[PDB]
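Enquirer: With the first letter of the sequence shown counted as 1, position 2 gets the number 2 in the deposited numbering; the numbers rise by one all the way through.
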Amino acid sequence: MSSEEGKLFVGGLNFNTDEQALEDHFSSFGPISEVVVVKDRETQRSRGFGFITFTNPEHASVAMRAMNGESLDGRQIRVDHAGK
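(1) Using the three-state DSSP reduction, which class does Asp40 fall into: helix, strand or coil?
(2) Could you round the C-beta distance between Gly83 and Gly6 to whole angstroms and report it? I think they count as a contact, below 8 Å.
(3) Could you compute how far the alpha carbon of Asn68 sits from the alpha carbon of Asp40?
(4) Please state whether the Cβ-Cβ distance between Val35 and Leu22 is less than 8 Å.
(5) Under the assumption that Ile32 contacts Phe54 (Cβ atoms under 8 Å), give the Cβ distance between them as a whole number of angstroms.
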């Protein structure tokens, strides 16, 4: 992305993954500018893919560093930094 968005790409999201679930855990790892999660509109259950925006690429970098392929809600997710 080459931008100060700090957006990370999370894959394999847990079914019980939400904007708050992702924001809370990723917040702990680093600042969260914004959070977005793709889920079922009829089941309201995460589909295994979501987007998370950080304050700065540096913050985005820490989260993927501490979460890439790491058990999120008991299910490993892959955080590929959109920007960094």
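Backbone N, C-alpha and C fix where the C-beta goes; we use that ideal spot for every residue, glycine too.
Expert: A quick look at the data gives this:
(1) Coil.
(2) Right, their Cβ atoms sit about 6 Å apart.
(3) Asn68 and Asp40: Cα-Cα distance of roughly 24 Å.
(4) In this structure, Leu22 lies closer than 8 Å to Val35 by Cβ.
(5) Distance from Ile32 to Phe54 at the Cβ level is roughly 6 Å; contact confirmed, criterion being Cβ atoms closer than 8 Å.
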